[PDB]
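Descriptive analysis of the structure
Here's the letter readout for the chains.
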Amino acid sequence: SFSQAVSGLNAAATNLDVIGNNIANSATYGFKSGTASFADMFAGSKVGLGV
Amino acid sequence: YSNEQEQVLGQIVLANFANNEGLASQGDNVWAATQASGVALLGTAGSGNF
Amino acid sequence: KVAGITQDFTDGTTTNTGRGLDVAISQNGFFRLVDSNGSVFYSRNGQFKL
Amino acid sequence: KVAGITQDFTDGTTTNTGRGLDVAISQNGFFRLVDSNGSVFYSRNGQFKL
Amino acid sequence: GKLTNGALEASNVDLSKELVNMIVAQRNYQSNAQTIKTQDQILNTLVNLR
Amino acid sequence: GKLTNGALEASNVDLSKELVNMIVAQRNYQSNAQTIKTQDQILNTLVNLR
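Residues numbered from 1 in each chain as written, not as in the entry; some residues may be left out. Chains lettered and ligands numbered in written order. Part of a larger assembly, values for the part shown. Heavy atoms only, no water.

A few words on a nonpolar patch on the surface. A contiguous nonpolar surface patch, about 530 Å² in accessible area, is contributed by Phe9, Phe30, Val34, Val40 and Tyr42 of chain D. One can find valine 34 of chain D in strand β1 (residues 31-34). (Patch = residues over 30% accessible without salt bridge, like charges linked within 9 Å, V, L, I, M, F, W, Y side chains within 5 Å. Areas by Shrake-Rupley, 256 points an atom, 1.4 Å probe, with all protein chains shown as cover. Salt bridge = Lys/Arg side-chain N within 4 Å of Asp/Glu carboxyl O. Helix = DSSP H or I, 4+ residues; strand = E, 2+ residues; numbered from the N terminus.)

Here we come to the environment of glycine 38 of chain D. All names here are of chain D. Within the fold, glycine 38 resides in the loop between β1 and β2 (40-43). We classify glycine 38 as partly exposed; its relative accessible area is 49%. Separated by 36 residues in sequence, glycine 38 and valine 2 place their C-alpha atoms 32 Å apart. (Buried < 20%, exposed > 50% of the residue type's maximum accessible area, 1.4 Å probe, protein only.)

Here the focus is the pairing of strand β3 (residues 31-34) of chain C. All names here are of chain C. One ladder, built from four bridges, connects β3 with strand β4 (residues 40-43); its direction is antiparallel. Note on β4: the bridge partner recorded for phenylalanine 31 is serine 43. Between the antiparallel neighbours β3 and β4 lie five residues, among them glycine 38 with a positive phi of about 80°. (Pairing = 2+ DSSP bridges.)

At the junction of the two partners, chain F supplies 21 residues and chain A supplies 23 residues. The tally of links between chain F and chain A comes to six residue pairs in polar contact. When grouped by side-chain class, the residues that make up the side of chain F that touches chain A number 11 nonpolar, seven polar and three charged. (Contact = heavy atoms within 4.5 Å. Polar contact = N/O pair within 3.5 Å; in protein donor to acceptor, adjacent residues only side chain to side chain. Nonpolar A, V, L, I, M, F, W, Y, C, P; charged D, E, K, R; others polar.)

Shown next as structure tokens:
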């Protein structure tokens, strides 16, 4: 039960830190932007255990 | 064993009887195969009437 | 009667800990380990250490 | 006289466990089984393994 | 299966499901206490009568 | 590449699009905060129901 979200919390925190790392590296020369790419877990359960 | 191999050291024999009710229980937890029950038919478990 | 305490082998979440030597399986697989006796054991914790 | 101990063969609840080999019936049917003796038995505990 | 580099295998124990199984197991234990209490109650009710 | 001598390359990050992304990620993060709030709220109603 916790599993579903705490991985959701960690995913959204890394998303925010990637956005902040883009904004902090605005107008530094030769920087390339970052975008976090996520993925969902599944298992032998048909319910989905997070990000 | 410490080489990670097992070996068998025995298979516990089981014994049925003609009738069980005619066994002579001796002075402990044992019964004696007698005239009233005949020879015990011998064999392992998981097989037949055992 | 207790026939058996059955483990349930549904994999949990793969919580991304930032450490390096913490490789973990999320399928049927099982890590192989030995101890100082040379006795083989098998596990699924991935937290590893030099 | 004790005429007989008759089981209530209604459908029990189907608790969904995520185990793959936990098939179960919710109707009249019965799982056919044998054991090592070759005697045929019948059950409804569908908890299975290898 | 495949195995991931940095992530670690969390356990599969759902906390809620094991709590609500624990409540039912408690009441199962207390009703087994009720049947031992009624069986030694019937034992002393036929011991106490002559 | 096509290489030029005097001119320098700026970062490819478009800043207002990242402001919009930070708003989306902030409300996503606090929505996941509200789902951990609701799920330890159902865990503590399982606790203090008893």
